[PDB]
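Where a number appears in this text, it was derived from the coordinates with a stated rule and is not lab data. A quick note on method: Cβ atoms are made from the backbone with ideal geometry, for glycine too, and the neighbour counts reach across all protein chains shown.
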Amino acid sequence: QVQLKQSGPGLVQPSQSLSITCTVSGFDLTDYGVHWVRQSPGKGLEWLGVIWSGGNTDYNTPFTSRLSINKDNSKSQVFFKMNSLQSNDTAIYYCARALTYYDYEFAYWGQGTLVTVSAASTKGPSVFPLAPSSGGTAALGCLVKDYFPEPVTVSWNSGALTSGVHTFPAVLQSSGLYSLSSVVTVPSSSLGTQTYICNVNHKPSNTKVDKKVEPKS
Amino acid sequence: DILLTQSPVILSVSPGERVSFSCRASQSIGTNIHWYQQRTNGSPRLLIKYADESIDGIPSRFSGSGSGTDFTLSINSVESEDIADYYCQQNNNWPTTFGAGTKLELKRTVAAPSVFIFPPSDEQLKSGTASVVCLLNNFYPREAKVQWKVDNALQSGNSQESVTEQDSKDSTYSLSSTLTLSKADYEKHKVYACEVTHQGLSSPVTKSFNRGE
C-alpha cells in the first residue's frame with residue numbers, strides 16, 4: 001500500500017527555515033515524483049514544487065529562491081526545506097504522489113505537517129479532568145490547557161474508545177496559549193467498572209500525558 | 001496563472017438530494033480538472049480526474065462533467081458522510097492551481113442539545129485558575145446561546161466557545177463553552193450556572209452546581 005508519512009508539527013521562528021521529511025513506502029522514489037502542497041488556515045491548496053523520479057526539481061514562482069527539495073532514494077525520504085519564513089507561511093504542509101509518474105492528479109497524500117511561524121516559545125499542556133457527575137448516559141472529558149503551538153492529539157483508552165467522542169477545536173486564549181476540551185459520553189453504569197483515560201500528545205513539546213477521568217468522591 | 005472560482009461558497013442540502021459543485025476557470029483548460037474531497041482534519045482525497053474519469057475506491061454517487069471553463073462535480077444522492085470541503089484543481093497550464101473550495105453542509109431535523117456542566121478540578125485550582133465547562137451535545141441547527149451566571153451575576157467576556165464540525169453519521173454539532181475565573185474568585189461564590197437557549201428546547205435549560213456540594 002502506498003503511504004507517505006511526514007515529520008511532526010512544530011514552531012519556526014520568523015526569518016528562520018522550515019525542514020520537513022516525507023518518508024514513503026509501497027513505491028520507489030526512483031519511479032515517481034513527490035510533490036509538495038500547502039494549505040493556509042481556512043484556505044485552499046497551493047502547489048509549491050516537486051522532486052521528480054530522476055532528481056530534477058521544479059518550484060512554483062513565489063518559491064524559487066527560498067525552497068529546496070532533495071531526496072535519498074535508498075532511504076525512501078524526501079526533504080523539503082524553505083527559508084525566510086514569515087507569519088503568512090503558517091500552514092499545513094503536505095507531500096503527495098500522483099497516479100502516474102509524470103502527472104499531477106494527487107491520489108496519495110501525507111498526513112500533513114502543521115507549521116506555525118511565531119516568535120513565541122513552545123509550551124506543553126496541562127491536562128485536567130472533566131469529571132462525570134450524578135437517561136442513563138454520563139459525559140466526561142479532559143481539558144487540555146495552555147499549550148503552544150497547535151496541534152494536540154487526543155484519543156480515549158489508547159484508541160479503543162471512539163464512539164461518542166467529541167474533540168473540540170482549540171481556542172486561542174488572551175495569553176496567546178491554546179486550550180481545548182475533549183469529551184465522551186458513556187453509560188453511567190460503566191463508571192464503576194471501565195477506566196476512561198484521555199491520551200494527550202503535544203508533539204511540538206514532546207509532551208505525552210495520560211489522564212484518568214472518574215467521578216469525584 | 002489560471003484562477004479557479006468555485007461556487008457556491010457553502011452548499012446546504014438534505015440527505016438523498018442531488019448536489020452540484022461548480023468550478024469555473026479564468027481561461028479554457030480543456031478537461032484538465034481534478035476534484036478532491038477534504039473532511040475535517042483530513043488530507044485531500046482524489047474523487048475524479050480529467051473532468052469525468054473515475055478513481056478506484058470512490059463511490060459511484062460521485063461524478064464529474066464539463067469542458068473548457070465550466071466544470072461540475074455531482075453527488076447524485078448525498079449521504080451524511082459527504083460533509084467536507086470540495087476542491088477543483090487545473091493542470092492544463094503550469095503551475096497547477098486549486099480553487100478556494102465549496103463547503104458541503106447537511107440539513108437534518110431539529111435536535112435539542114443535551115447539556116452538562118463541569119466544575120473545575122481540584123488539580124487545576126492548585127494552579128490559581130478555575131475553568132468551568134458547559135457542554136452542549138449533539139444538537140441541530142448550529143445556532144445556540146450559552147449564558148453564564150455566578151451567584152446570579154451575568155458573566156460577559158470571560159468565556160470562550162468552540163463548535164465541532166457536523167457529525168458524519170448524525171449531522172449534529174456539539175459545543176463547549178469554558179468560563180475562566182481566578183481560584184480566589186471561584187472560592188468566593190457558590191452558584192455556577194450555564195443557561196442554554198436553542199431552537200429544539202421549548203424553554204432555556206439551566207445546568208448548575210454549588211461549589212463544594
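Give just the number: which of (1) within 21 Å of A:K43 (Cβ to Cβ); (2) in a strand (DSSP E or B) does B:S74 not satisfy?
Of (1) within 21 Å of A:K43 (Cβ to Cβ); (2) in a strand (DSSP E or B), only one is false for B:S74: (1).
So, A:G112, is that one of a type outside the set (D, E), within 14 Å of chain B (Cβ to nearest Cβ) and over 16 Å from the mean Cα position of the chain (by Cα) or not?
Spelling it out, it is not the case that A:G112 is of a type outside the set (D, E), within 14 Å of chain B (Cβ to nearest Cβ) and over 16 Å from the mean Cα position of the chain (by Cα).
Can you tell me which residue in the range A:121-151 is farthest from A:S190 (Cα to Cα), limited to those that are surrounded by 21 or more Cβ atoms within 10 Å (Cβ to Cβ) and in contact with a helix residue (DSSP H, G or I) (Cβ under 6 Å, 6 or more places away or on another chain)?
Restricting to residues being surrounded by 21 or more Cβ atoms within 10 Å (Cβ to Cβ) and in contact with a helix residue (DSSP H, G or I) (Cβ under 6 Å, 6 or more places away or on another chain), the top hit is A:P149.
Of a type outside the set (D, E), surrounded by fewer than 21 Cβ atoms within 10 Å (Cβ to Cβ) and closer than 30 Å to B:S14 by Cα: is that true of B:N158 in this structure?
no
Kindly establish whether A:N88 is surrounded by fewer than 16 Cβ atoms within 10 Å (Cβ to Cβ), more than 10 Å from every other protein chain (Cβ to nearest Cβ) and within 19 Å of A:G10 (Cβ to Cβ).
Spelling it out, A:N88 is indeed surrounded by fewer than 16 Cβ atoms within 10 Å (Cβ to Cβ), more than 10 Å from every other protein chain (Cβ to nearest Cβ) and within 19 Å of A:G10 (Cβ to Cβ).
Out of all the residues in the range A:175-198, which are surrounded by 19 or more Cβ atoms within 10 Å (Cβ to Cβ), of a type in the set (A, V, I, L, M, F, W, C) and under 17 Å from B:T178 (Cα atoms)?
A:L180, A:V183, A:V184
Among the residues of the range B:7-58, what is the count of those that are within 16 Å of B:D82 (Cα to Cα), within 12 Å of chain A (Cβ to nearest Cβ) and of a type in the set (S, T, Y)?
Within the range B:7-58, residues that are within 16 Å of B:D82 (Cα to Cα), within 12 Å of chain A (Cβ to nearest Cβ) and of a type in the set (S, T, Y) number 3.
When you scan the range A:22-81, how many residues do you find that are in a strand (DSSP E or B) and exposed (fewer than 13 other Cβ atoms within 10 Å of the Cβ)?
Going through the range A:22-81 one residue at a time, the tally reaches 3.
When you scan the range B:92-175 for strands (runs of 3 or more DSSP E) that lie fully inside it, which ones turn up with 3 or more residues that are within 10 Å of another protein chain (Cβ to nearest Cβ)?
B:114-118, B:129-139, B:159-163
Considering only residues that are among the charged types (D, E, K, R) and away from every other protein chain (no Cβ under 12 Å), look in the range A:168-217 and name the one that is nearest to A:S7 (Cα to Cα).
This residue is A:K203.
Sort out which residues of the range B:138-159 are within 18 Å of the chain's Cα centre (by Cα) and of a type in the set (D, E), and write them in order of number.
B:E143
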